[PDB]
Amino acid sequence: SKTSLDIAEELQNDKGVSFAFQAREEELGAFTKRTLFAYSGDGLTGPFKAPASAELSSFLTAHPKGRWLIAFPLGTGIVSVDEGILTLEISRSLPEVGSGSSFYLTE
Amino acid sequence: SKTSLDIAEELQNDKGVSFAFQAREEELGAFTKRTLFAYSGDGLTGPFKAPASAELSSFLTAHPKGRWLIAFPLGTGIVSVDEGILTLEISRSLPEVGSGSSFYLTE
Amino acid sequence: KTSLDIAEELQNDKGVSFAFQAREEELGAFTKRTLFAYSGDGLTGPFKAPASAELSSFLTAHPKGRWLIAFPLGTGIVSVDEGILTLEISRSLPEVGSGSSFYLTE
């Protein structure tokens with residue numbers, strides 16, 4: 001059970017909302033698990049959009065669905081990347097985002 | 001901290017739905033944590049049933065409640081095993097399952 | 001680099017039992033702190049119990065001063081005041097189950 005990628009970065013939009021993301025990749029024999037962790041202390045009225053690093057973009061793009069369904073305490077999000085820009089869309093406005101994670105396992 | 005077990009396997013039901021499960025055991029001094037991770041890209045209309053490996057079955061049986069309450073983004077499930085058949089029951093039909101985990105800690 | 005990984009069991013005056021695990025990890029310029037919580041019990045109202053010195057300072061260190069946490073059937077907020085942990089819940093919970101709350105900081 002080896003970790004082959006473990007990166008973290010802070011993204012911010014133009015309205016001053018900020019998120020921290022962590023991308024982790026693990027090998028488990030025949031399987032690989034990829035996990036995205038997300039944290040913000042801010043509220044979100046609508047989608048969060050910000051430039052992501054190339055390594056984070058590459059990680060995000062690799063998902064079989066091409067996006068990441070993610071549960072936060074007060075609502076549901078989908079994280080995607082397009083031309084190096086990360087978007088997190090939310091199911092309802094969130095007074096506070098808090099933390100969540102989203103993973104897939106593949107062989 | 002030390003990991004004594006970390007296994008993964010893919011299960012499929014008769015109607016084409018597939019889940020990946022990872023079972024992890026960690027020792028934290030006097031405590032042991034056991035975590036089940038579950039992922040499916042598919043939707044679930046009703047309960048998911050499929051044969052589990054002996055090692056996964058033994059892991060799932062060890063829970064103090066004899067089953068695993070698990071949150072997915074769009075609803076709640078309960079994972080149990082009976083005679084080596086894993087069943088995941090869900091609180092509502094799910095257009096997409098996504099990922100979730102369920103753990104317990106014991107002394 | 002895991003720089004902290006502690007676990008303890010807490011019980012209230014009504015025999016509800018919780019296990020907590022506090023983990024701190026270092027990822028380059030970032031620190032991640034995760035609180036894991038588990039109870040097999042139901043919870044009618046807030047859970048209060050004394051926490052270790054180490055668990056208390058870990059819980060105090062959050063930028064919001066409290067930990068928003070998702071469980072399968074409802075939402076909680078974990079906080080500490082003078083070594084007493086409180087977990088407040090958004091609705092009564094027939095069973096608590098497991099959840100975790102983390103933050104990532106530069």
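Hydrogens, waters and symmetry mates play no part in the numbers below; they use all other heavy atoms, side chains included. Order of the sequence lines fixes the chain letters, A, B, ..., with proteins taken first and strands second; residue numbering starts at 1 for each chain.
- Closest of all the heavy-atom pairs between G43(A) and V17(A) is O-CG2, 3.8 Å.
- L36(A) places a side-chain heavy atom less than 4.5 Å from the side chain of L60(A).
- Only one option out of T76(A), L88(A), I78(A) pairs with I70(A) in a side chain to side chain contact (heavy atoms under 4.5 Å, CB included); it is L88(A).
- Crowding of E24(C) atom CD: a count of heavy atoms from other residues, nucleotides or ligands under 6.0 Å exceeding 12.
- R91(C) contributes a side-chain N or O that, together with a main-chain N or O of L73(C), makes up a donor-acceptor pair within less than 3.5 Å.
- The structure places CD of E26(A) at 11.0 Å from CZ of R34(A), a figure rounded to the nearest 0.5 Å.
- In terms of heavy atoms, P73(A) sits closest to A70(C) at CA-CB, 4.0 Å.
- By the neighbour-count criterion of 12 heavy atoms within 6.0 Å, atom CD of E55(B) is sparsely surrounded, having that number or fewer from other residues, nucleotides or ligands.
- Atom OH of residue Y39(B) and atom OG of residue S101(B) lie 15.0 Å apart, to the nearest 0.5 angstrom.
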>> Go through it in stages, so that I can follow the logic: the residues are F48(B) and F19(B), the test is ring-ring contact (aromatic ring centres under 6.0 Å, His included), and I'd like the CA-CA distance, side-chain angles, deciding distance and then a yes or no.
In response: CA-CA 9 Å; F48(B) 174 81; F19(B) 269 83; 4.6 Å; yes
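- With sequence neighbours excluded, no residue satisfies side chain to side chain donor-acceptor pair (under 3.5 Å) with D82(B).
- Linking ILVMFWY residues whenever their side-chain heavy atoms come closer than 4.5 Å, directly or via other members, leaves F58(C) and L105(B) in distinct clusters.
- Put simply, the side chain of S58(A) never gets that close to the backbone of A54(A): no donor and acceptor are under 3.5 Å apart.
- Here the side chain of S99(A) pairs no donor or acceptor atom with the backbone of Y103(C) at under 3.5 angstrom.
- Without hydrogens or angle criteria, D42(A) side chain to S18(A) main chain gives a donor-acceptor distance under 3.5 Å.
- If you take NZ on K2(B) and CD on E27(B), they are separated by 6.5 Å, rounding to the nearest 0.5 Å.
- The two atoms that bring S1(A) and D6(B) nearest to each other are OG-OD2, 2.9 Å, heavy atoms only.
- Closest approach of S52(C) to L55(C), counting heavy atoms only: OG-N, 3.0 Å.
- Counting only heavy atoms from C-beta outward, the side chains of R24(A) and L5(A) never approach each other to under 4.5 Å.
- The hydrophobic cluster containing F102(C) also contains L85(C), counting ILVMFWY residues as joined when their side-chain heavy atoms lie under 4.5 angstrom apart, directly or transitively.
- Under the 4.5 Å side-chain criterion, counting only non-hydrogen atoms from C-beta, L68(C) is in contact with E96(A).
- Here the CG-OG distance, from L93(C) to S39(C), works out to 9.5 Å after rounding to the nearest 0.5 Å.
- Contact check for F31(A) versus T106(A): no side-chain heavy atoms found under the 4.5 Å cut-off.
- One distance of note links OG1 of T44(C) with CD1 of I89(C); it measures 7.0 Å at 0.5 Å rounding.
- Looking at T87(B) and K49(B), their side chains do bring a donor and an acceptor atom within 3.5 Å of each other.
- Residues satisfying the side chain to side chain donor-acceptor pair (under 3.5 Å) test with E9(C), not counting sequence neighbours, are none.
- Contact check for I7(A) versus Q22(A): no side-chain heavy atoms found under the 4.5 Å cut-off.
- The aromatic ring centres of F20(C) and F36(C) sit 6.0 Å or more apart.
- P51(B) and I85(B) get closest at one heavy-atom pair: CA-CD1, 3.9 Å.
- A donor-acceptor contact shorter than 3.5 Å is absent between the side chain of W67(C) and the backbone of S79(C).
- The NZ atom of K65(A) sits 12.0 Å away from the OG atom of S102(A) when rounded to the nearest 0.5 Å.
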